[PDB]
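Only one chain is included here, represented as structure tokens and corresponding to the form deposited without this ligand.
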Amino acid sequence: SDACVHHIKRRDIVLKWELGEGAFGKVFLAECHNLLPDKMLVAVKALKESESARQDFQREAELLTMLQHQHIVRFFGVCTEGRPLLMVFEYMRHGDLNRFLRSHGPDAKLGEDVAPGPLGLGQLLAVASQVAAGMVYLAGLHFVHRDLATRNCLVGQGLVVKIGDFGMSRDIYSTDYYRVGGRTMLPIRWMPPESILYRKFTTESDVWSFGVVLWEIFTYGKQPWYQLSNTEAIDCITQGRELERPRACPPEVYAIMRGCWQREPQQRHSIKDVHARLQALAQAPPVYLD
């Protein structure tokens, strides 16, 4: 063990109800007792165990125990008193960022935290800024995320956005991945040319992916290269075809997206610089009437 992962007693956890389900397991809203002060709400991932093989759960627990920061989803500990194995995270009321975005999209149906309908520019910029900050932390630790996308971010009370997911994105958002052969799914629409062609993944590729996240944020969670097949999107990416500017996205933000989309990984801006630019724009949002 590389980190003293916290252990929660099974009695302290009360599963309220199921919030989602994947292949490796499912997510519950639950009531956890005696964590910080007093019966708080948490999100608990239960595994389905290939138990001896799914004991990489421990590794994920140690990593998540060490990988703690603002703008990264908070991890509290695990429970292994019996079956199934549980993993306890903080509850993020608005669910994943893509779901949130689509729920505030121009084409949707149906709050106390945020007005219904389209977000303002400052809000989109704030979301982007927060994701970018999470990435600044990760790059700082020489961590390569490898699946950066709104679906793998979570939105909490007061529009707090953090990087994080429960490992179900390949089940829930199967369309966002391209199946290669078998038992391997690639988020191609979010990947730079060097990840696709040369099969290399670095902090710079995460920068590209973040460009794509920006595009998602300004299209309210629409899929990149939608209406194109997987191979068609691949051809696009490897031929230097950029994503069009979203109608809600001002030119100054599209320039940032384009900054992230330099073909040569060394020519892309650092995640810190992108974060700074986005934070500045969020501090003084540019007028854009479309």
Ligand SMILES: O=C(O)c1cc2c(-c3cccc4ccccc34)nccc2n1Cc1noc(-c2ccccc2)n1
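Residue numbers run from 1 along the displayed sequence.
Below, we refer to the form deposited with this ligand bound, which is not included among the displayed structures.
Asker: Taking this ligand in the entry with it bound and overlaying it onto this form via the surrounding C-alphas, would you call the pocket open or blocked, using 3+ ligand atoms within 2.4 Å of backbone or C-beta atoms as the cut?
Answerer: With this ligand superposed from its pose in the entry with it bound, the site reads as blocked.
Asker: Are any of the heavy atoms in residue 168 no more than 4.5 Å from a heavy atom of this ligand in the entry with it bound?
Answerer: Yes - in the entry with it bound, heavy atoms of residue 168 and this ligand come within 4.5 Å of each other.
Asker: Within 4.5 Å, heavy atoms only: does residue 124 come near this ligand in the entry with it bound?
Answerer: No, residue 124 is distant from the partner.
Asker: Decide whether residue 91 counts as a contact residue for this ligand in the entry with it bound under a heavy atom distance cut-off of 4.5 Å.
Answerer: The answer is yes: residue 91 has a heavy atom within 4.5 Å of this ligand.
Asker: Is residue 72 close to this ligand in the entry with it bound, meaning a heavy atom pair under 4.5 Å apart or at it?
Answerer: Residue 72: contacts this ligand in the entry with it bound.
Asker: Can you pick out, from 160, 196, 114, 172, the residue that has a heavy atom within 4.5 Å of this ligand in the entry with it bound?
Answerer: So the residue touching this ligand in the entry with it bound, by this definition, is 172.
Asker: Looking at 243, 256, 234, 64 here, can you tell me which has any non-hydrogen atom within 4.5 angstroms of this ligand in the entry with it bound?
Answerer: When this ligand is considered in the entry with it bound, the option within 4.5 Å is 64.
Asker: Candidate spot 45, 60 and 96, all three in 4.5 Å heavy atom range of this ligand in the entry with it bound?
Answerer: Yes, the whole candidate spot contacts this ligand.
Asker: Just one of 197 to 205, 124 to 132, 210 to 218, 83 to 91 has heavy atoms within 4.5 Å of this ligand in the entry with it bound; which?
Answerer: In short, 83 to 91.
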